[PDB]
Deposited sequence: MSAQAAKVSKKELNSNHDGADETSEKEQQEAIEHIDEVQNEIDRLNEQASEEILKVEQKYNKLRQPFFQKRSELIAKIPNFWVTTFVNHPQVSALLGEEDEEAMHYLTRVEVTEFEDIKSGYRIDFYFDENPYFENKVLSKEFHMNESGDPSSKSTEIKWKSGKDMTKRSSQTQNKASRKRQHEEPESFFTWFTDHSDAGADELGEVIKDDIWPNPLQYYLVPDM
């Protein structure tokens, strides 16, 4: 029994080793699916970008019509957001590495930066905002950072029209 309990635990160790290999294989095959479809989708996101450029205030309105993102938007934040021209989400090619969100802003009284970028690593890198005279204030989320990041990546990004078109 003291030996039998010992036999059982070695046997548990071996079964768990098989479990672990199978958990690893499943994760790898899933990740490859995501890597595959991230590549196939890229020409359509590019095209979709060009079309959104023809709808002024597309990204502001999309954000405003999203219950979670709106909770993140103060008065001046939303005014700054009027210079918001384009949002891109790019997942790193291997997917596991993380992703980046780019926010393009037209020339504005708030900051010098053309693009404000937030990167997520699997760790969080963001653009330093070159605020203009006395403008230093959403933009705090900029500097948990991954909740709004996931909302944009996973909710808004696949179908932003779902929010644009629905007050």
Missing C-alpha runs, given along the deposited sequence, first residue counted as 1:
1 to 23, 146 to 151, 167 to 188, 195 to 199, 224 to 225
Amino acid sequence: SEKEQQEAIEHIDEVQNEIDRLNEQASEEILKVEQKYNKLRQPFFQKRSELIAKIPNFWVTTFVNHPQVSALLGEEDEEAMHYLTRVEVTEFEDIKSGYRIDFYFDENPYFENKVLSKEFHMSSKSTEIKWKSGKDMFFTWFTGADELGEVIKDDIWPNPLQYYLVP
From here on, numbers count along this sequence of modelled residues.
Averaging C-alpha B-factors over each stretch, which comes out higher, 93 to 101 or 68 to 76?
68 to 76
Looking only at C-alpha temperature factors in the entry, 125 to 133 or 30 to 38, the higher average sits in 125 to 133
By the CA temperature factor listed in this entry, which of these ranks top: 58, 111, 142, 45?
142
Using only modelled residues of the chain, where does the Cα B factor of residue 155 rank: lowest third, middle third or highest third?
middle
